[PDB]
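Undergrad: After the structure tokens below, expect a handful of questions from me.
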Amino acid sequence: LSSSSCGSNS
Amino acid sequence: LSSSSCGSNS
Amino acid sequence: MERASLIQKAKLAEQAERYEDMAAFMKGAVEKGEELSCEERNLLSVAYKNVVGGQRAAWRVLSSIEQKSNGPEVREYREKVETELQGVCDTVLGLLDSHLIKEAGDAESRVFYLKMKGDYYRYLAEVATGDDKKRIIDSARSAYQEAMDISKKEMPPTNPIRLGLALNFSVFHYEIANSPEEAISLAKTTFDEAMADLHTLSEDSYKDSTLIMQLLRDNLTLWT
Amino acid sequence: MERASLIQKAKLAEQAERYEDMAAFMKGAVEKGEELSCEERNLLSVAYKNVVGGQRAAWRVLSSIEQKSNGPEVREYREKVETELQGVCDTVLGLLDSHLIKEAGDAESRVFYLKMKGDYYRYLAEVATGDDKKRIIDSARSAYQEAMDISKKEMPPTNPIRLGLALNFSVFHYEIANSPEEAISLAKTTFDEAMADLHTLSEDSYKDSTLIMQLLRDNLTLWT
Ligand SMILES: [Cl-]
Ligand SMILES: [Cl-]
Ligand SMILES: [Mg+2]
Ligand SMILES: [Mg+2]
């Protein structure tokens, strides 16, 4: 796991 | 569907 | 050279998954000095995000290898990729500062572009050292904070642009500024205040909001 | 500039999914004038196949749009992509004709490279017109046929290199040379003669063979 930014999950 | 060449299915 | 042609070709490049070309077309269109529509600003962002995304992924792979290592080949190639990435970020930031932010005629555009500025400075920060990194972090913070101020005045809490900005600023706090408490505070406030209105949202609205809010939740779970 | 460095960097580029860089490193390594190992010839092929693969996918998208159309933008951009694709194919073919085929010290290498030559001429044929297309088709056929001759003498029928060559030559016959009967004949013979030995194969051997034989079967189903 890691920090997620906007758009990273489509 | 279309003609498939070598490696096209991984 | 006509703006309409450049936009047409950006759209073709997008269908062809030619993102470097798409970015170049959009750069030429921005340089005509007229505002971008919502469709057009999204062409710009998609193009450059794909280009930098590839560089960032490559840079992380090489950096990881270089660290585990500790000949010059890995360092050299990591530096090559780094230089290229810095170049693209600097190109996007130049468009934002020479045209897009100042020429934007509405608040939503301004937030979109100031978020972009924060993002591209954040990408520079990921590879930066020394005084360069300090300057970049200050610039990222200033852009994100200005965007935050406008968004809180002009957009409702579930607005996807507002949510995406808050998300990315929280990531800046955690990953870049080494400010976990600010990151957690912002993420939690953002989620809580958006959750409060999700019951008023339509199907497609809710999905757009919930997709970003899922990332806010994922981050909080990792950070806690 | 040292060969070992170029190979090291090709391997890094591969991990980083930087295929254009990977191709450039491998080109430099080929130009040292020593043979490539099996690992190394696969680095070369993977790199260039990814680069040309992206161009081919883009070219098909633009060509389709251009056809349905029948301003100059689509044609212009299709021509730009076409020129770039021709360039890469010509680069690979130059490596094969200036170094790889003649310098290969064993039959397996020679088949691998002659197959590559057929393949890259086939990719040129997909975009070619006029006398260019005629020359290219003759060149593809000659390369594939030489490869076929060696493979039938030197490799068993389930050998994956032999199967992959036969598969790609059958595709050439069907899609490029407009010779469906030759395509079907070759595909059927290839499948039948490989099927005949699959019961002698191990788990991993069988998978490698069956994956290519599945494509032979898929093609026959489309062509019939
Ligand atoms: Cl809800
Ligand atoms: Cl069997
Ligand atoms: Mg540096
Ligand atoms: Mg032409």
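Scheme for the structure tokens: letters A, B, ... for chains in order shown; per-chain residue numbers from 1; ligand numbers from 1 in order shown.
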Select the residues contacting ligand 3 at a distance of at most 8 Å, based on only C-alpha atoms and all ligand atoms, then format the selection as a PyMOL selection string.
TA: chain C and resi 79+82-83+127-129
Undergrad: Report as a ChimeraX atom specification which protein, DNA and RNA residues come within 12 Å of ligand 4, using only C-alpha atoms and all ligand atoms.
TA: /D:59,63,75-87,124-133
Undergrad: Any idea what's packed within 12 Å of residue D:13, counting only C-alpha atoms, ignoring anything in its chain fewer than 2 positions away? Could you give it as number ranges by chain?
TA: C: 54-55, 57-59, 61-62, 65, 73-74, 77-78, 80-81; D: 6-11, 15-26, 43-44, 46-47
Undergrad: So that I can see what lies close to residue A:3, please list as a PyMOL selection string the residues with an atom at most 7 Å from it, counting only C-alpha atoms and leaving out residues fewer than 2 positions away in the same chain.
TA: (chain A and resi 5) or (chain C and resi 171+219)
Undergrad: Write to file, as an mmCIF file, in the first residue's frame, the residues of the selection just made, with N, CA, C and O atoms.
TA:
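As a result, out_3.cif now contains:
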data_model
loop_
_atom_site.group_PDB
_atom_site.id
_atom_site.type_symbol
_atom_site.label_atom_id
_atom_site.label_comp_id
_atom_site.auth_asym_id
_atom_site.auth_seq_id
_atom_site.Cartn_x
_atom_site.Cartn_y
_atom_site.Cartn_z
ATOM 1 N N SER A 5 -3.012 9.515 -4.952
ATOM 2 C CA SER A 5 -3.512 10.806 -5.391
ATOM 3 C C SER A 5 -4.693 10.653 -6.353
ATOM 4 O O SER A 5 -5.063 9.559 -6.776
ATOM 5 N N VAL C 171 -1.797 14.617 0.365
ATOM 6 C CA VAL C 171 -0.693 13.747 -0.024
ATOM 7 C C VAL C 171 0.621 14.536 0.018
ATOM 8 O O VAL C 171 1.649 14.051 0.493
ATOM 9 N N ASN C 219 -6.085 6.482 2.221
ATOM 10 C CA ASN C 219 -4.916 7.160 2.760
ATOM 11 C C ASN C 219 -4.961 7.205 4.287
ATOM 12 O O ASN C 219 -3.963 6.951 4.970
#
Undergrad: May I ask you to write as an MDAnalysis selection string all residues lying at most 8 Å from ligand 1, with only C-alpha atoms and all ligand atoms counted?
TA: chainID C and resid 195:199
Undergrad: Please produce an output containing N, CA and C atoms for each residue in the selection, written as a compact mmCIF listing (two decimals), in the first residue's frame.
TA:
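Saved result, result-v4.txt, follows:
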# COMPACT_ATOMS: atom_id res chain seq x y z
N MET C 195 -19.00 13.74 3.12
CA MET C 195 -19.91 12.66 3.50
C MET C 195 -21.25 13.29 3.89
N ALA C 196 -21.16 14.48 4.49
CA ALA C 196 -22.32 15.16 5.04
C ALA C 196 -23.39 15.49 3.99
N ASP C 197 -23.02 15.54 2.69
CA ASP C 197 -23.90 15.95 1.59
C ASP C 197 -24.11 14.84 0.55
N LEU C 198 -23.48 13.67 0.73
CA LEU C 198 -23.54 12.64 -0.31
C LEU C 198 -24.98 12.14 -0.51
N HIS C 199 -25.85 12.27 0.51
CA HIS C 199 -27.24 11.82 0.44
C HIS C 199 -28.08 12.69 -0.49
Undergrad: Return as a VMD selection string the residues of protein, DNA or RNA that approach ligand 2 to within 12 Å, with only C-alpha atoms and all ligand atoms taken into account.
TA: chain D and resid 158 191 to 203 205 to 207 209 to 210 213 to 214
Undergrad: What's the 12 Å shell around residue D:215, counting only C-alpha atoms, without same-chain residues fewer than 3 positions away, as a PyMOL selection string?
TA: (chain B and resi 1-10) or (chain D and resi 163-164+166-168+170-171+187-188+190-191+208-212+218-223)
Undergrad: Quote the spacing between atom CA of residue C:50 and atom CA of residue C:112 in Å to one decimal place.
TA: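 Distance reported for this atom pair: 17.3 Å.
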Undergrad: What is the distance, in Å and to one decimal place, between atom CA of residue D:144 and atom CA of residue D:118?
TA: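 According to the coordinates, atom CA of residue D:144 and atom CA of residue D:118 are separated by 5.2 Å.
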Undergrad: Between D:1, D:52, D:116, D:29, which has the minimum distance to residue D:93 (counting only C-alpha atoms)?
TA: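 Of D:1, D:52, D:116, D:29, the one nearest residue D:93, counting only C-alpha atoms, is D:116.
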Undergrad: Could you pull the residues within 12 Å of residue C:106, counting only C-alpha atoms, minus those fewer than 4 positions along the same chain, as a compact mmCIF listing (two decimals) with N, CA and C atoms, in the first residue's frame?
TA:
# COMPACT_ATOMS: atom_id res chain seq x y z
N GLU C 35 -8.48 31.14 -23.50
CA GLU C 35 -8.84 30.20 -22.46
C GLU C 35 -9.10 28.82 -23.07
N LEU C 36 -8.98 27.80 -22.20
CA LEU C 36 -9.38 26.43 -22.52
C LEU C 36 -10.76 26.15 -21.94
N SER C 37 -11.57 25.46 -22.74
CA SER C 37 -12.82 24.92 -22.23
C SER C 37 -12.53 23.81 -21.23
N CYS C 38 -13.59 23.33 -20.57
CA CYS C 38 -13.46 22.22 -19.65
C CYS C 38 -12.90 20.99 -20.39
N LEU C 100 -2.18 30.12 -18.29
CA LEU C 100 -3.45 29.54 -17.86
C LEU C 100 -4.02 30.17 -16.60
N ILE C 101 -3.22 30.30 -15.55
CA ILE C 101 -3.75 30.80 -14.30
C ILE C 101 -4.24 32.24 -14.44
N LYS C 102 -3.42 33.12 -14.99
CA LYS C 102 -3.79 34.53 -15.03
C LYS C 102 -4.94 34.81 -16.01
N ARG C 110 -9.62 28.43 -12.33
CA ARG C 110 -8.49 28.90 -11.54
C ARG C 110 -8.09 27.81 -10.54
N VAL C 111 -9.09 27.19 -9.89
CA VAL C 111 -8.81 26.10 -8.96
C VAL C 111 -8.14 24.93 -9.69
N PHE C 112 -8.72 24.52 -10.83
CA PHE C 112 -8.16 23.44 -11.64
C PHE C 112 -6.68 23.70 -11.93
N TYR C 113 -6.34 24.93 -12.37
CA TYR C 113 -4.97 25.23 -12.75
C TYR C 113 -4.05 25.35 -11.54
N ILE C 150 -9.97 29.37 -2.70
CA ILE C 150 -10.97 29.62 -3.72
C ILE C 150 -12.02 28.51 -3.67
N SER C 151 -11.58 27.25 -3.59
CA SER C 151 -12.51 26.14 -3.62
C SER C 151 -13.49 26.18 -2.45
N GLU C 154 -16.12 28.83 -3.34
CA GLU C 154 -16.79 28.80 -4.63
C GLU C 154 -17.42 27.44 -4.95
N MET C 155 -17.05 26.36 -4.24
CA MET C 155 -17.50 25.02 -4.62
C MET C 155 -18.10 24.30 -3.42
Undergrad: Would you compute the distance between atom CA of residue D:169 and atom CA of residue D:92? Give it in Å to one decimal.
TA: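 We find that atom CA of residue D:169 and atom CA of residue D:92 lie 18.4 Å from each other.
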Undergrad: When distances are computed from only C-alpha atoms, which of C:45, C:139, C:189, C:69 shows the smallest separation from chain A?
TA: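 Looking only at the distances to chain A, the closest residue turns out to be C:45.
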Undergrad: Smallest atom-to-atom distance to chain C: which of D:160, D:180, D:105, D:53, using only C-alpha atoms?
TA: D:53
